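What follows is one chain in C-alpha cells, specifically the form solved without adenosine-5'-diphosphate.
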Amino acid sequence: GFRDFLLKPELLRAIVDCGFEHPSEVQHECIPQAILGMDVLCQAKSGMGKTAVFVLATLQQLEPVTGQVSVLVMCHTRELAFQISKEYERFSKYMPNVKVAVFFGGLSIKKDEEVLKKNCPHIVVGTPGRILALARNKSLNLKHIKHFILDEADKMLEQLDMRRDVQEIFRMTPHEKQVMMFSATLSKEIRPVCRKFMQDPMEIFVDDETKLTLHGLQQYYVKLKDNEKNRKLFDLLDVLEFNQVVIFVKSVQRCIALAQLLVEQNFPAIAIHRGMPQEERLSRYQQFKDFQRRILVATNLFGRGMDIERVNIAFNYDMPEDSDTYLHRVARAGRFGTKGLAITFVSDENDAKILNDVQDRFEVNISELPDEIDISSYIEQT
C-alpha cells in the first residue's frame, strides 16, 4: 500500500502496525509531492487519512537534531492538536529518538516551558495562541523550523485575530522551509495568506468523499422506554437472523455496559467507544472482521461508512443526535452488498422529532417494526 510512497522502512512497519495498507485518495495525491519538500495547498475533508499525509511526509524528511524543534504543526482546536500528536507518536513507533510534544491552553504554560528547556522535542504541535506565547517569551525557539504545517486553515485564518498571530509565528521561522496547508474549505482568506506563506504550491483539491445513501435498505423503528430497550433488543437478537450486528449507543458508559451485558449473555461482542486510544479503537474495529455471529457495540466508528459485508443489522439503540449521524451509522460501502436492515429505538417524544426529521432529509419512510421480516430483504445471498 504505502510501500509505493517510498517511505523509510521504520515508517512502513509502524503503518502496518496501525492496521491499514490501503492509502486514501488525498494521500495518493499529496504524499508524493509532500515527501519531496514541495509546498502544498490541499483542500480535502477531515479524516480520510488527511493528517497522516503531513505526519508521514514530515517524519520521512525529518533530520532529527537534539534540542532543536524542526517541525511546527498548528491547528484551530486543541482536541485535533492532541490527536495529531498521538498520531506522530504512533507512526514514530520505530523511530526511537524522534520526539513530539503538544501545547495548548488549559494547561499551565509553565509546564510547556519546562519541557522546552529540559527536553525540547523535534516536533511541536499546538494551537496558535499557546504557540505564539511560548515563542514571544523565547521558551520556544522557532529558528530551526524546516516544516511549517497548518491544519484546518480555513478555520484558523477566518478571524483576523488568529490569522495575525499565525503570521507573527510564521515570520519567526526561517524563510526557507516547507509549508503545507490543509483545509476542508477553501475560503478567500487562505488565498491571500498563502501568497504570503507559500511560494508556488502544488494545489491539490481532493473531493468530499461523495457518499450517503439509504437506497435498497430496510428501515424500521420501535417506540419504547429505556427500561425496555435491553429486553426488546435481546428479543430482537433472538428472532432476527444475522452474520454480524452493529449497535449504536449515545455514551461510553452505555457502550461499555451494553457490550459487557451482551457478552455475559453469551452474545460475543466487542466495544468501541470514543473513550479509548485511536490504536485501541483501530485494533478492535479491525478485529471485528471475524466470526459467524459477532456484535459490535459502538458510539460511532469511522466516517468511511459500514464496510463489513457480513454486517446485516445496524441498531440505533440510542437515537442518533442528528439526522446526519443516521446516514453515517447506516449505509453500505465496502466490496458488494447493498441490502441491510436498520432498526431505531424511540423512547422520547424528542427522538421522534429527530426520526421524523430523517424521513424528510433523505425522503424515505421508516415504518414501525413488523412481526415478520423476510430474511432475504436485508441479507442479500442467504
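Heads up: residue numbers just count along the shown sequence, starting at 1.
- Comparing 167-175 with 113-121, the higher mean C-alpha B-factor in the PDB entry belongs to 113-121.
- Stretches 71-79 and 279-287 differ in mean CA B factor, with 279-287 having the higher one.
- Of the candidates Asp39, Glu63, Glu321, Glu29, the deposited coordinates give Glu321 the top C-alpha B factor.
- Based on the entry's C-alpha B-factors, the most elevated value among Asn316, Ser347, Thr51, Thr58 belongs to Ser347.
- The deposited CA B-factor of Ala352 belongs to the highest third of values across its chain.
- Compared with the other modelled residues of the chain, the Cα B-factor recorded for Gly129 ranks in the lowest third.
- In this PDB entry, the Cα temperature factor of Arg304 sits in the top third of its chain's modelled residues, the highest group.
- Sort the modelled residues of the chain by CA B factor and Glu189 lands in the highest third.
- In the deposited entry, the Cα temperature factor of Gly106 places it in the middle third of its chain's modelled residues.
Keep in mind that the form deposited with adenosine-5'-diphosphate bound is missing from the display, and what follows is about it.
- Take adenosine-5'-diphosphate as it sits in the entry with it bound, overlay the site C-alphas onto this chain, and 3 or more of its atoms land within 2.4 Å of the backbone or a C-beta, so the site here is blocked.
- Taken together, the three residues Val102, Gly105 and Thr127 lack any non-hydrogen atom within 4.5 angstroms of adenosine-5'-diphosphate in the entry with it bound.
- Shown alone, this chain has one stretch from 355-363, 6-14, 369-377, 21-29 that lies within 4.5 Å of adenosine-5'-diphosphate in the entry with it bound by heavy atoms: 21-29.
- A single residue from the set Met48, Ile35, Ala342, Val346 has any heavy atom within 4.5 angstroms of adenosine-5'-diphosphate in the entry with it bound; that residue is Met48.
- Think of it this way: in the entry with it bound, adenosine-5'-diphosphate has a heavy atom of just one of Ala314, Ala52, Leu41, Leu59 within 4.5 Å, and the residue is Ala52.
- In the entry with it bound, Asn119 stays away from adenosine-5'-diphosphate, with no heavy atom inside 4.5 Å.
- Residue contact check for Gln278: one or more of its heavy atoms lie within 4.5 Å of adenosine-5'-diphosphate in the entry with it bound.
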